[PDB]
Amino acid sequence: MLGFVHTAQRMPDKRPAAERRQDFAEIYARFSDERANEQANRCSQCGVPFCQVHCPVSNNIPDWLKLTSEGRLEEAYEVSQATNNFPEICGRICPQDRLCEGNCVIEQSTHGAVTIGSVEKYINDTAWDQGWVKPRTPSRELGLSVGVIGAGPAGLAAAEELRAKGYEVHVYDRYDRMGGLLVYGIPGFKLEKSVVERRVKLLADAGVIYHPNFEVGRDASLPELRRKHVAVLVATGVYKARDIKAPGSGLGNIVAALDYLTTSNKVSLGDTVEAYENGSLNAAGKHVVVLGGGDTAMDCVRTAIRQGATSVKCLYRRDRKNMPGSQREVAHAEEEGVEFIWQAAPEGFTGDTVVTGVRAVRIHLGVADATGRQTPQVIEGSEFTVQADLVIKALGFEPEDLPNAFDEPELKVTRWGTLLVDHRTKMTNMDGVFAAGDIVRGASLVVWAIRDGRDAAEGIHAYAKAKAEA
Amino acid sequence: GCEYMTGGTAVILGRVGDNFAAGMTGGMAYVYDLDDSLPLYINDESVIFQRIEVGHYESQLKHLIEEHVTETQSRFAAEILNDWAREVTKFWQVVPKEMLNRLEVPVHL
Ligand SMILES: Cc1cc2nc3c(=O)[nH]c(=O)nc-3n(C[C@H](O)[C@H](O)[C@H](O)COP(=O)(O)OP(=O)(O)OC[C@H]3O[C@@H](n4cnc5c(N)ncnc54)[C@H](O)[C@@H]3O)c2cc1C
Ligand code: SF4
Ligand code: SF4
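Taken in sequence, the protein lines are chains F and D. In this text, residue positions in the first sequence follow the deposited numbering: the first is 6, and each later residue adds one. In this text, residue positions in the second sequence follow the deposited numbering: the first is 1364, and each later residue adds one.
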């Protein structure tokens, strides 16, 4: 069942940029059945599977690969979901060209990578489409109160696992629509809002109680939370911003990326807010500039070209190769009709309380030293002005203030602002308080949150039983 | 340095000593100066120091430094090579006063 000698790799589908630039629908239609039999057969069932080592959740890929190559989709779906929760979204969001589909031995031999992500997506959609899906209710419910702060992917995964373990968990978050920033941060252009509501419905079906539209920083305090429950898991996530203080900043028509994204995509999907027409977050057909090079900037320029017609540019200080996002994303963006500027940084915001333009310079990167860093140096040779009326300050995130501000004068964090947890138990400095998600590691991916959530749930169960032993 | 040299090529990166190229007869040299302090050191009896203008000698020096950085894995030579367009103008070319008319390639425009 090796196959890859003769058959050639081919992605499922790709809608051209003619109709894609207008709608918010997906770009990838689902995968065909004969294509399923053909492309799943393409793998080599490589001994010592590198695809498993590099996968952050470490799920048994070649097993269901061979299965789908032979059929038998029931046990295939079973063995696929036995190890990784949230299979559809994790499969569709993973930057596979660098995590799992970037190390398949067939790809190192330049033959092409096995389309593992599409196989995961397809095997998890067909399985749901024919009712082979059920919640996980615990038999002989033990009965204990546990709380989770933050309904991100990590919190939801830990909640599902603990509900399967035999506990009673409560979900605290700040938004009305549960499901982490998946329903607010991630754009629908890359992840439609059906799978998330489906999975959160399945969660609620298992017997989990939600505490929607709360503010644990204001509505209550961590001592009260711990007194109400037996163990608490803080997964509040990161939501702060890093801005610049260039000459002429802080004036009108500048804004962060997260708010513009969430409102002008998700709340316009719901048709409720007025800032889409009241605020400047609209289709100003003149120009748009976006600072930063992370995936936030990529999704920002994507949704900017989607929402109305404009001419957009992007400014980034590093080079194309050190960009953290997926190179398929920048390829799609260039196909949509965006313009990129490499190795440049903004120095001034010229305007009259309204942004008229941006004054920027060009930098150069020397040769990397022993540690692997390439120091940047300004050139001064070409400092140019770029015309636009709105700039988007997408410069990443950083831990908010957690110890002092949120709840606890007794909470240990490092110089980064993030707190510390044990590599074995994932228990914080304070007893009964565990951590997981992106708070401990910083801005990371979804599957990392999933792995941390699973480990945190296991450690929570262990510690709870050990404490109840007395 | 290069005292009484007669033929070949000598590429030098960095500061030079005193009385450089004293009694030079034939050949050609290149020097990577950084502060225009070369005229206070070189001996101008029978040699002349100028700048590179012809693409042929530029390509020759480029290939020499490329092979050098390929050989010894030196990071400083790589830092020079990556900034070739900017750092090409700092190089001084030292040519004897005897090959002004005998060179196959015209050294002067
Ligand atoms: C392809 C791709 C694209 C990505 N795009 C983006 C992007 O555009 N933007 C981005 O930010 N990340 C992006 N990421 C990163 C990813 O979304 C996050 O790293 C990950 O979702 C972190 O989730 P989490 O479980 O740590 O919880 P988070 O998603 O970090 O959020 C934690 C939860 O706590 C809630 N919460 C926040 N404050 C409080 C509070 N005070 N009290 C109680 N609850 C609170 C939040 O509402 C949220 O539900 C992307 C990742 C990938 C792979
Ligand atoms: S990812 Fe590589 S090693 Fe794993 S099954 Fe596919 S071809 Fe074989
Ligand atoms: S999507 Fe995630 S779980 Fe699936 S193969 Fe890629 S890295 Fe592994």
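Idealized CB from N, CA, C, for every residue including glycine.
At the 9 Å Cβ level, is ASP374/F part of the contact set with chain D, yes or no?
Chain D, which has a Cβ nearer than 9 Å to the Cβ of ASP374/F, makes this yes.
Using a Cβ cut-off of 7 Å, pull out every chain F residue sitting near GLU1442/D, in sequence order please.
Here the neighbours are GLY371, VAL372.
Using DSSP with H/G/I as helix, E/B as strand and the rest coil, what is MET1391/D?
In this structure, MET1391/D counts as strand in the three-state DSSP scheme.
Sequence-distant residues of the same chain with beta carbon closer than 6 Å to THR301/F, five excluded per side
Here the set comprises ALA262, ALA399.
Between which two residues does the alpha helix (DSSP H) holding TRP69/F run?
First-last of the alpha helix (DSSP H) with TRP69/F: 66-75.
Residues with a Cβ closer than 6 Å to any heavy atom of ligand 2, in chain order?
Listed along the chain, these residues meet the criterion: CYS48/F, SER49/F, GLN50/F, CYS51/F, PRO54/F, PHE55/F, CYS56/F, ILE66/F, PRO67/F, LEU70/F, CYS109/F, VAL110/F, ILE111/F, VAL119/F.
Quick one: Cα of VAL84/F to Cα of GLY464/F, how far?
Rounded to whole angstroms, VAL84/F to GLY464/F spans 23 Å at the Cα level.
Inter-stretch contact (C-beta, 8 Å, three-pair minimum) for the stretch 26-43 of chain F and the stretch 89-96 of chain F
No: the two stretches stay apart, fewer than three of their Cβ pairs being nearer than 8 Å.
What residue range does the alpha helix (DSSP H) around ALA471/F cover?
Residues 451-473.
Could you tell me if the beta carbon of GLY152/F falls within a distance shorter than 8 Å of some heavy atom in ligand 1?
Relative to ligand 1, the beta carbon of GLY152/F is positioned no closer than 8 Å to any heavy atom.
Beta strand (DSSP E) segments (min. 3 residues) lying fully within the stretch 217-304 of chain F
Correct list: 236-239, 259-261, 293-296.
Kindly confirm or deny that the stretch 344-356 of chain F and the stretch 1423-1431 of chain D touch, where touching means at least three C-beta pairs closer than 8 Å.
The stretch 344-356 of chain F is not in contact with the stretch 1423-1431 of chain D.
Since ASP304/F contacts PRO192/F with CB under 8 Å, what's their CB separation in whole angstroms?
5 Å between Cβ atoms; contact.
DSSP state of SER1437/D, grouped into three classes?
Here DSSP, grouped into helix, strand and coil, assigns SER1437/D to coil.
Is the stretch 431-450 of chain F in contact with the stretch 242-254 of chain F, if contact means three or more CB pairs nearer than 8 Å?
Here the stretch 431-450 of chain F makes contact with the stretch 242-254 of chain F; the two share three or more CB pairs at distances below 8 Å.
Boundaries of the alpha helix (DSSP H) in which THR419/F is found, first to last residue:
Careful: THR419/F lies outside any alpha helix (DSSP H) and carries neither H nor E.
Residues near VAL372/F by beta carbon distance below 8 Å, same chain, minus five either side:
Excluding the 5 residues flanking it on each side, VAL372/F has same chain C-beta neighbours closer than 8 Å at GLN379, in chain order.
Please return the same chain residues whose Cβ sits closer than 8 Å to the Cβ of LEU1403/D, not counting the five positions on each side in sequence.
Non-local C-beta neighbours of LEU1403/D in its own chain, meaning closer than 8 Å and more than five positions away in sequence, are absent.
Among the residues of its own chain, which have a CB less than 6 Å from the CB of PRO61/F, if the five just before and after it don't count?
Scanning its chain for C-beta atoms nearer than 6 Å, with the 5 sequence neighbours on each side dropped, one finds around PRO61/F the residues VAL452, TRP453, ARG456, in chain order.
How is the alpha helix (DSSP H) around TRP1447/D delimited, first residue to last?
In this chain, the alpha helix (DSSP H) harbouring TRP1447/D covers 1447-1450.
Does any heavy atom of ligand 1 sit closer than 8 Å to the C-beta of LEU186/F?
At least one heavy atom of ligand 1 is nearer than 8 Å to the Cβ of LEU186/F, so yes.
When we look at the beta-carbon of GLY160/F and count the other beta-carbons within 10 Å, is it buried (16 or more) or exposed?
By the neighbour-count rule (16 or more Cβ atoms within 10 Å), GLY160/F is buried.
Is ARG378/F helix, strand or coil by DSSP?
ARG378/F falls in the coil class under three-state DSSP.
Would the beta-carbon of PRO17/F fall within 9 Å of that of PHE29/F?
No, the Cβ-Cβ distance between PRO17/F and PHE29/F is not below 9 Å.
According to DSSP, simplified to helix, strand and coil, what is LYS398/F?
Strand at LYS398/F.
Since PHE9/F contacts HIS116/F with CB under 8 Å, what's their CB separation in whole angstroms?
Confirmed, about 6 Å.
Which of the three DSSP states is assigned to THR131/F in this structure?
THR131/F sits in a helix when the DSSP states are folded into three classes.
9 Å is my cut-off, CB to CB: does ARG1438/D come that close to chain F?
Yes, contact with chain F.
What number of angstroms, rounded off, separates the C-alpha of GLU1421/D from the C-alpha of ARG1438/D?
About 21 Å.
Here's the rule I'm using: 16 or more other beta-carbon atoms within 10 Å means buried, otherwise exposed. How should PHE389/F be labelled?
Counting C-beta atoms within 10 angstroms of its own C-beta, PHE389/F has fewer than 16 neighbours from the protein chains shown and is therefore classed as exposed.
Applying a beta-carbon distance threshold of less than 9 Å, which residues of chain F neighbour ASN1445/D?
Near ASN1445/D (Cβ distances below 9 Å), the residues of chain F are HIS369, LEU370, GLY371, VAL372.
Simplified DSSP assignment, three categories, for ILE32/F
Coil at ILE32/F, not helix or strand.
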